[PDB]
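Presented below, as structure tokens, is a lone chain in the form deposited in one PDB entry.
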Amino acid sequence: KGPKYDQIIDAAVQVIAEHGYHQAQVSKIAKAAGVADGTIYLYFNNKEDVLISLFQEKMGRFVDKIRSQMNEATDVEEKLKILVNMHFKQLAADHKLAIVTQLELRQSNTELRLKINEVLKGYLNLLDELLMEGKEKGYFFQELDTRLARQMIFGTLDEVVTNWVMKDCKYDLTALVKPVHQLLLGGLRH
């Protein structure tokens, strides 16, 4: 909405990344944004609204940037390949946000996460939309359950990423694109 809306959201990322979720009270977020406590409530109406809006904004930029890149290739093998690239690229490009989103937000309470889960519905559409365009043009098993095939895909990508942050980003995440991508299409078999 306003110009402080972005100072706050970006502060919340940098407050949570450095201090951790349970050490990110409103006042610590405020001081990092150069803003008073009650001013937070002029731009958001909850601590929860701050956290969800953080996710919505960052997720919107995330899915939009991916769908943009897939719009070029017309062929569903590369569309998956591009997805895996872009997913890993964006997270490798911002370690701080990765920490907040893969680690500290996991330490949330339960209905903040159910809300975060609703924000993920957008990405899961892009996945499910890909999985049905791969069935009609017959790139995938033509009796594929898309609900499950989506969950295998996100589950894998999210696990591989989460383990990358717990190792403190020691290794080149994007170097794993080809092996992960090849795994999703082919499976474990020889």
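All residue numbers refer to positions in the sequence shown, first residue = 1. Rigid core here is just the name for the largest C-alpha set that superposes within 1.5 Å across the two forms.
Between 60 to 68 and 156 to 164, point out the one with the higher average CA B-factor as the PDB entry records it. It is 60 to 68 that shows the higher mean C-alpha B-factor.
Mean C-alpha temperature factor, higher of 128 to 136 and 147 to 155: According to the entry, 128 to 136 carries the higher average C-alpha B-factor.
At the C-alpha atoms, which of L97, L103, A93, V119 reaches the highest B-factor in this entry? Reading the PDB entry, the winner on C-alpha B-factor is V119.
Among modelled residues of the same chain, the CA temperature factor third for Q142: It falls in the top third of the chain.
Ranking the modelled residues of this chain by C-alpha B-factor as given in the entry, is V50 in the lowest, middle or highest third? Lowest third, going by the recorded CA B-factors of the chain.
Lowest, middle or highest third: where is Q25 by C-alpha B factor in its chain? Its C-alpha B-factor belongs to the lowest third of this chain's values.
Can you work out whether the C-alpha temperature factor of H87 puts it in the lowest, middle or highest third of the chain? Answer is lowest: the recorded C-alpha B-factor places it there.
Relative to the other modelled residues of the same chain, rank the CA B-factor of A175 and answer lowest, middle or highest third. Middle third of the chain for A175's C-alpha B-factor.
The same protein also has a form deposited in another entry, omitted here; what follows describes it.
Among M132, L42, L124, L148, whose C-alpha is off by 2 Å or more between the shown form and the other one on a rigid-core fit? None of the others reach 2 Å, which leaves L42.
Quick one: core overlaid, is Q107 moving 2 Å or more at the Cα between the shown form and the other one? Result for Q107: yes, a 2 Å-plus shift.
Superposing on the rigid core, is the Cα displacement of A33 between the shown form and the other one 2 Å or more? Yes, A33 moves 2 Å or more.
Look at the CA atoms of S108 and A93: state whether they lie closer or farther apart in that other deposited form than in this form, given a difference of 3 Å or more. Farther: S108 and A93 separate by 3 Å or more in that other deposited form.
Given a change of 3 Å or more, say if the Cα atoms of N117 and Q107 sit closer or farther in that other deposited form than in this form. Distance between the C-alphas of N117 and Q107: shorter in that other deposited form, by 3 Å or more.
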